[PDB]
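Enquirer: pasting an experimental structure, sequence included:
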Amino acid sequence: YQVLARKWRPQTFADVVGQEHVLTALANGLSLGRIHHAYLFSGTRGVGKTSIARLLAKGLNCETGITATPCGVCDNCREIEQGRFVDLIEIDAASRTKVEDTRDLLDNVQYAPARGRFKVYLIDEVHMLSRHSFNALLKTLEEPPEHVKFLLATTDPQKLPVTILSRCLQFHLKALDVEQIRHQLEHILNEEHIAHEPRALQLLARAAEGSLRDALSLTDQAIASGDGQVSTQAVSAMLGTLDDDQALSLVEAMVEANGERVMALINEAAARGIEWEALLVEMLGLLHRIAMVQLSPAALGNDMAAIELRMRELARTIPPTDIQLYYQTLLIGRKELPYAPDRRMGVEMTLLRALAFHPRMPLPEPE
Amino acid sequence: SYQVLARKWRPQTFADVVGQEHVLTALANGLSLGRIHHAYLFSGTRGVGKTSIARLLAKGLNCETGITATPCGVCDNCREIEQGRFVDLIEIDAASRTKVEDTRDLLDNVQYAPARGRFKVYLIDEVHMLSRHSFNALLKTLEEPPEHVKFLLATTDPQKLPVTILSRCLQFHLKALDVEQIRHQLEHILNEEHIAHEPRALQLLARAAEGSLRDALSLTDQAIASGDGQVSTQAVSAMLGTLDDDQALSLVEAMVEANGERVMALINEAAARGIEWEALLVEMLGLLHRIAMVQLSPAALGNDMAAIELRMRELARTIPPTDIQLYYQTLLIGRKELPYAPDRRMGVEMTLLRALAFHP
Amino acid sequence: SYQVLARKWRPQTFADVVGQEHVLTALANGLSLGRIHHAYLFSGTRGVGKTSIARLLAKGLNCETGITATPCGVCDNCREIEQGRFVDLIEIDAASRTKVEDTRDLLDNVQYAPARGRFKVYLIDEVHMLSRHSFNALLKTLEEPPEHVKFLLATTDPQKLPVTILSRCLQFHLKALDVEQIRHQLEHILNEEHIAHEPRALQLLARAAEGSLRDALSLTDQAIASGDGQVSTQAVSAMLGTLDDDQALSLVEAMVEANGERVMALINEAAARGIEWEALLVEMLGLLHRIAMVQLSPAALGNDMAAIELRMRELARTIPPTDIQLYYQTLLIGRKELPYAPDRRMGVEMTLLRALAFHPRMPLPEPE
Amino acid sequence: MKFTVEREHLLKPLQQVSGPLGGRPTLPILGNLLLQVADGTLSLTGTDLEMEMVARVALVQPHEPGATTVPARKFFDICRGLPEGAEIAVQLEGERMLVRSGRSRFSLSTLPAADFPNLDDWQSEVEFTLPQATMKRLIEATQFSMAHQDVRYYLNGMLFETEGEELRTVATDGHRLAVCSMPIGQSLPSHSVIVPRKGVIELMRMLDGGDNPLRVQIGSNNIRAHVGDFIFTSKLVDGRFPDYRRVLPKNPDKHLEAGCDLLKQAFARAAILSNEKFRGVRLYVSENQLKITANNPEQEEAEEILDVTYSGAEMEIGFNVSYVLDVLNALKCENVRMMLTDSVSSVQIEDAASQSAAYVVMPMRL
Amino acid sequence: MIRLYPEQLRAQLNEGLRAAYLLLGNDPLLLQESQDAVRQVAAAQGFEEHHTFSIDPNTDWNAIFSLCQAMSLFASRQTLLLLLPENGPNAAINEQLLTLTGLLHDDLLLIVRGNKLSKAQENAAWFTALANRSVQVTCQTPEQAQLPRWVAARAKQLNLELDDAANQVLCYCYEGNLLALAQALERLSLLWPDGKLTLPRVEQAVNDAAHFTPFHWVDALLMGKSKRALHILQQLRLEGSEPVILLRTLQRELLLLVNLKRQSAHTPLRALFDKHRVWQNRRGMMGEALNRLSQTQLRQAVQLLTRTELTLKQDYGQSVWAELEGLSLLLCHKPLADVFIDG
Ligand SMILES: Nc1ncnc2c1ncn2[C@@H]1O[C@H](COP(=O)(O)OP(=O)(O)OP(O)(O)=S)[C@@H](O)[C@H]1O
Ligand SMILES: Nc1ncnc2c1ncn2[C@@H]1O[C@H](COP(=O)(O)OP(=O)(O)OP(O)(O)=S)[C@@H](O)[C@H]1O
Ligand SMILES: Nc1ncnc2c1ncn2[C@@H]1O[C@H](COP(=O)(O)OP(=O)(O)OP(O)(O)=S)[C@@H](O)[C@H]1O
Ligand SMILES: [Mg+2]
Ligand SMILES: [Mg+2]
Ligand SMILES: [Mg+2]
Ligand SMILES: [Zn+2]
Ligand SMILES: [Zn+2]
Ligand SMILES: [Zn+2]
């Protein structure tokens, strides 16, 4: 019943998917004993900044000692897992943004930790602190007490002062790869004994750009929609993204200058009950993929492999100039869609623009 | 006490809601299976059932007969929620509660157990109006809240919210209701209200609803007030300023054939009769789209315009498709800038003269 | 923990101070001749030794031996200063002490004689943040301080400070340590700690430090962490690649040389970094504008940036005005149409492709 | 470490040590009082860096020696909030302090005593006992003249000079100098030190008219006062107090002896009838006559005539009413003698009976 | 009523002190050194009191009156300094000053420091009363043209040797910051006792710490020196000055230039200048600006300025400085196709 994101939070360094460089650096630092007093974590949403920070806190305060492989069973590990560890001070920058609040926070830094071996501080979205707060924090960051560790975190590291950046070891977490997201989703679903299909996992991974938290949220929503199962049809309906084959056929009809097929395809889409702007976006994405394939050969991911060969044909037959013309026509039509009398009418008129100005086979021009 | 149709016909069960089948199915399945999230964000256009669906979910969660997919609507808590009395259902306005103390007390009272129900639902409306510091402070609550509070978020546009908020919330995209759904709902409401209605009037009201059912109900109430308690086609047409005549086609023909004097005379007489200019532009856009369609496929023309068939066909035989696209583009540009023009008449005249400038 | 390099390798004597030769000589002459000014202002950038030099001056001015330019480093005062627990060494920050009450308390406490130090040195930091009231109070107390008190101001942006403070204070603005000094200091630190390293890794660390010894120390600590107790060229290069945020300049270079695969690789790296795509487009547009202005006038490239000075200069001198104009126009069009693109990533890729391998058909002013 | 006391014995010393210590501390540990139990005595020091108030209490329970620092505010609140008459047992476990009182237990976080600012081992330059009455008289005589807020930081306090078997206090604010001397009775080396305004205020606050001999220790830069089982240490304000010897006129031949009460009531009447600020009152003294007139060019001249016992040369001097009123208030007696040289000179005020205290003021030029 | 300069003030003090002194100007170093010289001469004469007060409505005056009407217990012939407010005296301050002049005493040495008074503020009752015994030392900061001679004289007084290159470097680095210039001269003298300061000597121990005003930037653009305009823009950016005031100051002169250029087709320049009542010293500068650029310019400049304002107060970005320096280069004799700047 518990949310996937909360339930499947990492509890050991092995559980973390991706971010190999930061994990290796932290493990080596803990093992060799060359531990710095201020670590800054950066990246995008849901990449695992807080997860890695909490894993490091567990490693530092573990009963067995400072190690890169915390046991996960001693009292400190359990308390940190439950978020009820007294020494692990989870602070929010926005909660205390004024200089007075951060000074009050730093007033108690000197006191020894209650039971843990370090008084770890974990500040979330540290970039929200004011300039005065940063300057006040500089002195403690440079020379903190030997039993005090700072674990800053922020999605935007460019806002921090240069002094703060130089006073701490930076670790910029990278957006997780689509394959890594898909593998993690498959692993968690298999562990939870839930039926799933490869296409559904691919669609979910594509939907989650690089944030695994978004992937987990979308997976939970798909579980709800599909009544305990992750089916390709359910995920496609929830995402509102029709199958790539229909958009590919639409663009093939558009380039061939045969409007009858275009009309039939849009009628079928209307019967299916799919928002028209999504169809236009899919057509634009297909055109962009064709243009990229023309630019470079390896421009299509394995997810589109099922339709790669066909796509390549469109790259060879269709010149680049008319590809750009079609892309621009579709983009301007999407620009005009909100002000059109109807979404169907807007898409139909955009397709008629594309056909009328078709370079190879222009629509007949009666006087 | 008398209430407007929007308040009278607010859905009270998961079956009374029209459209949005996917989100309703997901919510019902989650409630049945017990896999309930702690953050439900609803994104969509106005008048699609944000507040209605949120209140239905709150009733389902807080029902005294356990967590039920379809709340009965008769319990003490169910009735209080229906009447907006339930203390555990805190309805917060984001725009009003933007100050620091508001959010600070919002995240400080979470620890207190619910007064009456089993969940202390927080229904935050138009969440995109909250300040950035508010989102930053509420991230922790939205991530790992206690197991007695559920956050229900409603926003017209979700992209404006911080990416972290979207990450920590389950997003439900309420699809804009189509014309058929709006027409069916209006027909059902009028039949249950013992009010006579014509199919043409219902179609016109659904078309003018622009995908929002609350707007459809407001237009129906306006027609009722103006239509002496009768939803008549003539009354709705007068209220909505719909030409539904050959004036639009004649003006389009004049525009295509230059002849600025005819266009000016048509606009002058239309202004004298006092019509809606946005309706005129929409009618012209529809006619141009139909001309393009018949140029592509002659079979795509209906019989409603039979009286004006041949003349329309003449355009399909006389205007090249590129010119049709140019005229449609100019009309859309006029549509976009019509609200911002010094006057509606000035905007329409500028659009029509710009279209007149175009010619083979 | 084995301490950290920045903390361990604080310069505890004037002899072991890297760079800042002019400031060091001036301070040594002042201490030897016995002429000490009322207030000192150490300015410059971060990680150059402003705080370190201020603490060196404080410990040499209150040393048990006397006012000497070569503090012993073993007496009670020197050891206490090094440990950072000397009572008379009053280190304060303008951040949380701009309040009227706090400034008044500091002014009142100034009059009291030092506890066990020859001088009661006040090491104020970030003086440019002092409010107008606090600034005026500081000026008034600096107008005629007691003979037993001293002020060692350490700012980072003297332009904010009005020259009134300089009217009663002696400034010793530091300069960037330059690559060679930073590399030599890193080599000495690593050798003294029995740490294996390669010369190219040290060169990369020094060049990446950007004229800041503290940044170099942090970077080499990161290299040790990722290098597993040994700095190597591959480890430092990988760390820099992960930490590099100059994707806009590299993309501009690739577009200039029409290297499509390089553009794709850089876009993939930026996606891994997860930077805002509109922000990336704006940064590239600004870089193109700066290149155009540098071509117009060499002085247009301000000294505020120096890591990409050579790249900017070579790009400006190489490409002609027309090509940079076309790149700027294409990037502007791409930025404008980005909201309606199928995806932000796709929009960026499309505009990059258009700029590097296409050209827009310009309009024609048809005769009237 | 371990000891046991009664909250009745700790309510007063805790209040005393925690009194001056207020507001935020410059250093976090300065916000904490250092309590140490040793040789049957518990000493609590509420250090303020600039000032240190130490209160000592007697221990009869089987304590254990030890020292530690603890925040003053919460410890005082804990001691005060317990039931009246309840005994408090304090112990140290790990880095925390446990407080037991009957059925109640509390735990407090304690910083190490090493980080506490140590009281340096400076040896007092001049140590001597003194009764409270003499010190209180000196403070009362030489506290109204010190400048409350002056650019010259050394004039904010007042200068104590010990010479031979004599202790002298001199205070001034740029216009008047009040000097009061008292024979100590024990020969001591010559030494001068300036005590700040806050230090003397705290010292006079400590005075309570008791029989405990007040022991004063003057150091290089610190002054310490022992009263019974209480210690007050302050840091002497630096600088150099101007020598008072040059200020004292040599031969103020002109003399004026008059009833102190008469002058007091005359000045009070002038002040109440001349409440307008500025415009120092002008007094014309003549043979058996003293006419005080308001200098206010706008307000009506509230001239007041008194029959003083003066029979010398007549002259008009533009004094400040508030200054003379305060000076005469500082000298509470029945008769007062003022000695001056000429129109432009420093008139010295003294008691017609006693001459230990001198009040060399100067006229306000008109 | 003697108007003097700080350079020759030492002789005036030596020949005899005056009852009233007042330092008027904007140069900080000149004011500070004049004040120090006057105070030292007073101390040598036998004045031990150096009371200082800041004029402000919040501040009281009873202490000032008491100290001016009273001597010192252990000194005599006090000296009082008054720090005028930056904006200038107001009616209440005028009343206070004339009151002070009313009861002013010879033993008191009056010194006044503050921004130079205006023509309207120049005339006053207290000023006229003090004119009988008033010596006013002009303390304005020398112009860029006057800077090289001033620094050369300063170096010669310090027994140093400066060449043309070193003088130019010092002027460039400390333009309008003569206090920092003198401090740098002292530092260089200490570093090299020989006294010969060649170009490497000065350049290896100097920093860019000049201070400017938006009027200086507009003047630089009018002259057309790109390096100076870029340098002043950099200094203003580092000082944190907001671009709104720079944009307004530029806009005023741009509109004036556009009007002059458009209306100069058939109208004499002299009549237009007389009608506009512009500064006499700026007549030649305006003529040079007008004849340096034709109507082809002053059109993309206005459009660029409007675009800058829109992108400033609508997009709220941080690239305003880039647009400002682009416009700066445009106003100079530069091609500036304007495609980059979107003029
Ligand atoms: N690198 C990762 N390895 C494993 N699971 C991950 C990772 N990143 C995210 N997850 C999953 O997604 C959840 C959210 O991860 P968090 O680390 O809490 O997100 P976050 O990055 O801290 O949020 P931000 O950055 O403050 S918006 C975790 O509980 C995991 O279930
Ligand atoms: N999906 C729907 N199903 C049934 N009735 C609806 C629906 N959407 C709107 N309505 C009607 O419109 C009234 C008000 O609309 P809401 O339910 O509040 O939709 P909404 O999206 O919350 O409106 P906004 O976003 O606050 S302007 C309801 O009381 C219903 O009568
Ligand atoms: N000139 C230098 N010589 C040797 N080590 C240096 C030097 N400058 C910095 N370091 C090293 O960097 C550490 C921190 O340098 P700091 O002196 O604090 O830099 P900084 O000038 O104080 O930066 P600010 O003032 O906080 S912005 C020192 O402890 C040294 O290890
Ligand atoms: Mg996080
Ligand atoms: Mg609503
Ligand atoms: Mg520093
Ligand atoms: Zn463990
Ligand atoms: Zn119920
Ligand atoms: Zn020493």
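Expert: The structure has been received and is ready for your questions. Residues are numbered from 1 along each chain as shown, chains lettered A, B, ... in the order given. Ligands and ions are numbered 1, 2, ... in the order given.
Enquirer: which SSE is residue 41 in?
Expert: Here I'm looking at chain A. strand A:38-42 (DSSP states H and E).
Enquirer: ah, no, chain E please
Expert: Counting by DSSP H and E, residue E:41 is found in helix E:28-45.
Enquirer: packing partners of that helix?
Expert: On a contact count with 3 or more C-beta pairs under 8 Å, 6 or more residues apart in numbering or on different chains; DSSP states H and E, helix E:28-45 meets helix E:9-15, strand E:20-25, strand E:79-83, strand E:109-114, strand E:134-139, helix E:178-191. For every residue, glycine as well, the C-beta is placed using N, CA and C.
Enquirer: sheet partners, orientation included, of the second one?
Expert: If I follow you right, that is strand E:20-25. Applying DSSP bridges to the sheet, strand E:20-25 is found paired with strand E:109-114 (parallel), strand E:134-139 (parallel).
Enquirer: got those as TSV, with distance to residue A:311 and mean neighbour count columns?
Expert: Shown next, in TSV, are the strands paired with strand E:20-25 (distance: least, C-beta to C-beta, whole Å; neighbours: other C-beta atoms under 10 Å in any protein chain shown):
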stretch	distance to residue A:311	mean neighbour count
strand E:109-114	78	21
strand E:134-139	78	20
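Enquirer: nearest to ligand 7, out of those strands?
Expert: Smallest distance to ligand 7 across the strands paired with strand E:20-25 (C-beta to the ion): 68.7 Å, for strand E:109-114.
Enquirer: if we can go back for a sec, nearest to residue D:35, out of the helices and strands packed on helix E:28-45?
Expert: Shortest distance between residue D:35 and the helices and strands packed on helix E:28-45, using C-beta to C-beta, is found for strand E:79-83: 49.6 Å.
Enquirer: and the closest one, how far from the chain's centre?
Expert: Distance, stretch centre to chain centre, for strand E:79-83: 22 Å (C-alpha atoms, centre = their mean, to the nearest Å).
Enquirer: what's the angle from the helix or strand following that strand to strand E:79-83?
Expert: Using DSSP H and E, the helix or strand that follows strand E:79-83 towards the C-terminus is helix E:91-102. Put simply, helix E:91-102 runs at 170 degrees to strand E:79-83, going by axes from the mean of the first three to the mean of the last three C-alpha atoms, to 10 degrees.
Enquirer: what about the residue of the stretch 51-200 of chain E found nearest ligand 9, how many residues nearby?
Expert: Per C-beta to the ion, residue E:190 is where the stretch 51-200 of chain E lies closest to ligand 9, at 25.0 Å. Using other C-beta atoms under 10 Å in any protein chain shown, residue E:190 has 15 neighbouring residues.
Enquirer: contacting residues for it?
Expert: C:26, C:29 (C-beta atoms under 8 Å, 6 or more residues apart in numbering or on different chains).
Enquirer: so where do the helices sit in the stretch 101-250 of chain A?
Expert: A:131-142, A:162-167, A:178-191, A:198-207, A:212-226, A:232-239, A:244-256 (DSSP state H, counting those that start in this stretch).
Enquirer: and the residue of the stretch 151-300 of chain A nearest ligand 4?
Expert: residue A:153 (5.7 Å).
Enquirer: what's opposite that residue in the beta bridge?
Expert: Beta bridges link residue A:153 to residue A:41 when assigned by DSSP bridges.
Enquirer: quick one, what contacts it?
Expert: A:40-42, A:49-50, A:53, A:122-126.
Enquirer: got it, and residue E:285?
Expert: Neighbours of residue E:285 in contact, by C-beta under 8 Å, 6+ apart: E:219, E:222-223.
Enquirer: for ChimeraX, what selects the buried ones among those?
Expert: To isolate the buried ones among these in ChimeraX, judged by 16 or more other C-beta atoms under 10 Å in any protein chain shown, type:
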select /E:219,222
